[PDB]
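Novice:
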Amino acid sequence: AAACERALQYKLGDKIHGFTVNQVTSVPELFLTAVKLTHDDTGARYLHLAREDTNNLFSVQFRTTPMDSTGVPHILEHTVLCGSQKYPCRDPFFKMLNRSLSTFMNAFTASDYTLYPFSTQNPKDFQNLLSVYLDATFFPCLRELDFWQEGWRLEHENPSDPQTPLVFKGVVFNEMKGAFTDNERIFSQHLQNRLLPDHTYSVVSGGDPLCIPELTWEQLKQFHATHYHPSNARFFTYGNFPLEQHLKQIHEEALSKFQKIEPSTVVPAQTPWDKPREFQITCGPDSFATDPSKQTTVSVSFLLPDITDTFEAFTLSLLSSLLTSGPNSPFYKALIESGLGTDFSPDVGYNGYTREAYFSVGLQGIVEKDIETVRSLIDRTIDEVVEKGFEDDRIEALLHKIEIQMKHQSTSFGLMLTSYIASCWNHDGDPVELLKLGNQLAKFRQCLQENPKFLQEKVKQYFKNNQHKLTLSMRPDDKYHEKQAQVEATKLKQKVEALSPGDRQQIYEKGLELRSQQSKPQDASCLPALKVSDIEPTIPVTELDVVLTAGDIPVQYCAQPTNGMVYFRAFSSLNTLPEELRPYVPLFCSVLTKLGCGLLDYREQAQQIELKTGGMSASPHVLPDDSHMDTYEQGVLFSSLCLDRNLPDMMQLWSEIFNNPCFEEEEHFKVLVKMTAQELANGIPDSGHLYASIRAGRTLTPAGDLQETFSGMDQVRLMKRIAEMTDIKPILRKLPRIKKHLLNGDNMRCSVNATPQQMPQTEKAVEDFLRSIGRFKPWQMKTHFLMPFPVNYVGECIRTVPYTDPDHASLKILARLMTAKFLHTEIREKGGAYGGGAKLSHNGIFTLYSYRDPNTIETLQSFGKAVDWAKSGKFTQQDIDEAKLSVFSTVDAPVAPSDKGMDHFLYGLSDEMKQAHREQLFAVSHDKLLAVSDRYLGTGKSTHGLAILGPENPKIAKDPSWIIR
């Protein structure tokens, strides 16, 4: 039933579809089995990580090592995604998201590799996306006109007048123009180029605008045939789907058509310098800065070993973070707090994307006279670090942070694994050694416990005795870009002079054919797509067991491969709370865990939180019932995170928070309240449509009113009013009353997510923790918030049926239909708004929203034409298939193991209820959609709510049906 148990049955030397198993390793601490295969005929490497995670991932990696600054892998990456041999339609990438049930689809271009990852949860969707990716990457139609479109071309300023002079055009060409107006990209690029001047890292891999137009179509085709060949490729697969199907697809679709070649793509070692060097560069003066004489940037860079030696790379990365990350670092206190500059230099810290990594530090925003002062200060700082070493708490905090960031469970775990092994794997390294994190942590801890001067001798060797130092300074000149334009125009004249009139007519006619290609709407019906039969009918059941303990508090344990992590959550009701103290609970939850407990002041408390746990947070939640519009559960969610070994320390911290919260620390409290108020106040536009949908829905259901009090605009205004008061003490007296009504054990329930091997110790620690703690008529309203915004935020809510009603699925499918085919086109293309759609919440509120719309009345008019369109039924059965595909992409969205299962613990939705709602999503038909659109969305048939956040609108101000607050 598990993945790694059957994955351990793969023996070494087994031949599967042309591949040979070379290595199989069980990684019990990571709940996965790694399998290394190579195709005998082609030489392609294959790595399979089998882990019981439904988000299956494929990734393909190509080693592209350019030998000039023409930009061939960036232009080639843009060009291969424009069409393939079996799928000649344009842009499979963008035209394959609407036909798949994918959760992720992108592409990456690093300095020395290109990466094409995708992820999906449906095995037939995996087969389809795997076939389209193999055909797009390995067999693209590489048409010359696409190379003229994406790369570089000569084009008239008006394509219909062939008498105007010719200029250079291209998308990548102007991308690189905009790359080299940026001073930061010039600084980083020149740092990398001067620091590694021997081989491929010395050039501009993205393309320098003056040397890019020397690339021909034939060189691009030859580069694609040599580097986009399976012998120069790395294949990656992750997840629980049967391995045999993937290998059978790879062999029968791609690898059989190729033969073995030998890629001349190995990156040689950087030859070490004997003496440090200095260089001076020039840039363009920026207009956002306020002082022009103080715009010089300087940096100091050191050469580090290769990433191949895993141990030394991990320790030097840790050392570089210890030296540069955070305001407690030596170089921060030496440089930032000196008042010499404004921020760190670009690429500051550890840079591990190249084969040989490099470390960089420096300052920006200094006067040019201070260069030798800065260099001497950095040298003295390195001397002080050699002389004093590091304190033990900072080393423990860093090792605990790296252990958590590697072990913490995200929803896109496979993406973190492929991004974490791509750089090492690109230069023939062993990716499994990066996975055995326990071994490297153990070896580092042993090397510190055995030799107290380990880190000081490392800092000495790589910083004081390292002669491969580069000091690079940059100062702006006001006529830099005009000089660049002059030399580019000179290269332009040099290239245009050689054209014959027949060439000029060929360029003109190709320009007209290119304009037709860029204008003509084309068809994408040749790509495969999923139907309502390839979607799994039932979900795999999630195993739970509820154990009542001490003596009637339910505690839910869910055994999951959480990767050595224990996640504790507790939910305390608000039924006992007096109604006056309700609006102050967001403040309470945001400050409960930040003022200190017992014998620890707030700084030591924060140090303990960062050193023992992964974070402890509290947030209010309003959980509606799924079967009654006027029933909801209100409470506060306590959430925590820790490693397995630090669990009793975390529960002791929770006992001290529950029994002795420090409601007397007022000085730090004023800082915290001003900081949360400023952070919430600056963030109003970015979540404006959320605040509008919460305000509009306050008057429709009790849950909406409670959501407005807990997380609406009323909470922001109240928090700002409290944060502007000079005497906070009468507010501070309200917090012990909240402690006495919330922090008790009468109406509590808890949940625990942990590994199955940890479960009995967790049951003991949790029971000890519980023994250590004490024992409607809707009505319309219109509101306009006068905000100094340049854009608007509109929200309309409609009252519909709850989750368990069979009509809920029809309302949800109709909502997704309306989003995909009416409101998106009408508001976006015509209106011009940046975002716009419709949403249906779990409680039964049908919510309409608009994001950055320049109009107001036109939004309501598009609402009237949209409900008219929805009642008209003018959509085909293919729209129903696309809406079903999108809704199953939304409701079956992946949940991380740290939230599996969260819905049962919070909202009380069983697997039976989800299966019933899934069969209701299956049973929706076109005529039932016509019935429900004619029954609920029509005017006067249901209750509406309106709210608008945005700037002054005079016509709305003269509307008596609007209330201004």
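So the working numbering is basically just the index in the sequence shown, starting at one, shifted up by 117.
Here a beta-carbon is modelled for each residue, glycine too, at the ideal position from N, C-alpha and C.
For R270, which option in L436, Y920, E841, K627 has the closest C-alpha, if you only look at C-alpha atoms?
Specialist: Taking only the C-alpha atoms, the option nearest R270 is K627.
Novice: If you pair each beta-carbon of the region 782–802 with each one of the region 753–767, do three or more pairs fall below 8 Å?
Specialist: Taking 8 Å as the limit for Cβ pairs, the verdict is that the region 753–767 does not touch the region 782–802.
Novice: Is DSSP giving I670 helix, strand or coil here?
Specialist: Correct three-state label for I670: strand.
Novice: In whole angstroms, what separates the C-alpha of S477 from that of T588?
Specialist: Roughly 10 Å separates the two Cα atoms.
Novice: Could you please give the first and the last residue of the uninterrupted alpha helix (DSSP H) stretch that includes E301?
Specialist: That run of the alpha helix (DSSP H) goes 300–312.
Novice: Going by beta-carbon coordinates alone, are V491 and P447 separated by less than 8 Å?
Specialist: Cβ atoms of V491 and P447: not closer than 8 Å.
Novice: Smallest Cα separation from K153: which of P145, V144, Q140, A161?
Specialist: With distances taken between Cα atoms, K153 lies closest to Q140.
Novice: Would you call the CB atoms of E653 and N239 closer than 8 Å?
Specialist: Against a cut-off of 8 Å, the Cβ pair of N239 and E653 comes out as a contact.
Novice: Cβ of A987 within 8 Å of Cβ of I930?
Specialist: Contact flag unset, no.
Novice: Determine the closest residue to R302 out of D229, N357, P463, with distance taken between C-alpha atoms.
Specialist: The candidate whose alpha carbon is nearest that of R302 is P463.
Novice: Since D423 sits in a beta bridge, which residues does DSSP pair it with?
Specialist: In DSSP, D423 forms a bridge with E473.
Novice: Taking buried to mean at least 16 other C-beta atoms within 10 Å of its own C-beta, is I656 buried or exposed?
Specialist: Burial call: exposed.
Novice: Taking just the CA atoms, how far does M533 sit from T730?
Specialist: Going by the C-alpha atoms only, they are around 22 Å apart.
Novice: In three-state DSSP terms, what is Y910?
Specialist: Strand, per DSSP.
Novice: Which first and last residues belong to the alpha helix (DSSP H) in which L754 is found?
Specialist: Element bounds for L754: not the alpha helix (DSSP H) but the beta strand (DSSP E), 749–760.
Novice: Give the straight-line distance between the Cα atoms of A119 and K377, rounded to the nearest whole angstrom.
Specialist: So the two alpha carbons sit approximately 36 Å from each other.
Novice: Inspect the CB distances between the region 185–192 and the region 315–323 and report whether three or more fall short of 8 Å.
Specialist: Short answer: they touch.
Novice: Quick check: the Cα distance between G135 and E369, rounded to an integer number of angstroms?
Specialist: Cα-Cα distance, rounded: 10 Å.
Novice: Which residue's Cα is closest to the Cα of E781: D718, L740, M767, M746?
Specialist: Measuring from the Cα of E781, the nearest candidate turns out to be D718.
Novice: So, using beta-carbon positions, are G401 and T298 closer together than 8 Å?
Specialist: Contact: yes.
Novice: Applying the 10 Å Cβ sphere with the 16-neighbour rule, what's the burial state of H745?
Specialist: With fewer than 16 other Cβ atoms within 10 Å, it is exposed.
Novice: Please report how far the alpha carbon of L691 lies from the alpha carbon of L1002, in whole angstroms.
Specialist: Rounded to whole angstroms, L691 to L1002 spans 39 Å at the Cα level.
Novice: Among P695, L246, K203, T333, whose alpha-carbon lies nearest the alpha-carbon of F210?
Specialist: Out of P695, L246, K203, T333, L246 has the C-alpha closest to the C-alpha of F210.
Novice: In the DSSP assignment, find the alpha helix (DSSP H) that holds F255 and state where it starts and stops.
Specialist: That run of the alpha helix (DSSP H) goes 240–255.
Novice: Could you spell out the range, first to last residue, of the alpha helix (DSSP H) harbouring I1065?
Specialist: Premise fails: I1065 lies in the beta strand (DSSP E), 1061–1067, not in any alpha helix (DSSP H).
Novice: Check each candidate in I499, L859, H806 and name the one with the smallest Cα separation from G952.
Specialist: Checked all of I499, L859, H806; the closest Cα to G952 is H806.
Novice: Could you give the residue range of the beta strand (DSSP E) that holds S217?
Specialist: Element bounds for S217: n/a, residue is neither H nor E.
Novice: The beta strand (DSSP E) with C867 in it runs from where to where?
Specialist: Its beta strand (DSSP E) spans residues 865–871.
Novice: With distance defined between alpha-carbon atoms, name the residue in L835, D996, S772, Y966 nearest to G891.
Specialist: Cα-wise, what sits closest to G891 is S772.
Novice: Comparing C-alpha positions only, which one of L1066, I997, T1060 sits nearest to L1046?
Specialist: For the residues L1066, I997, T1060, the minimum Cα distance to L1046 belongs to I997.
Novice: Which runs of the beta strand (DSSP E) spanning at least 3 residues fall entirely within the region 644–698, listed in chain order?
Specialist: You should have 662–666, 670–676, 682–690.
Novice: What would DSSP say about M591, mapped onto helix, strand or coil?
Specialist: Of the three classes helix, strand and coil, the one that applies to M591 here is strand, per DSSP.
Novice: So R916 and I962 are supposed to be a Cβ contact under 8 Å. How far apart are they, rounded?
Specialist: Correct: roughly 7 Å between the Cβ atoms.
Novice: For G732 and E513, I'd like the C-alpha separation in whole angstroms.
Specialist: Cα-Cα distance, rounded: 16 Å.
Novice: If we cut at 8 Å on Cβ distances, does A987 have a partner in chain C?
Specialist: Going by chain labels, chain C is absent from the structure shown, which holds only one protein chain.
Novice: Just to confirm my understanding: we take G990, look at its own chain, exclude 5 residues before and 5 after, and list those with CB closer than 8 Å. What are they?
Specialist: Once the five neighbours on either side are set aside, the close Cβ partners of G990 are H1043, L1046, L1047, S1050.
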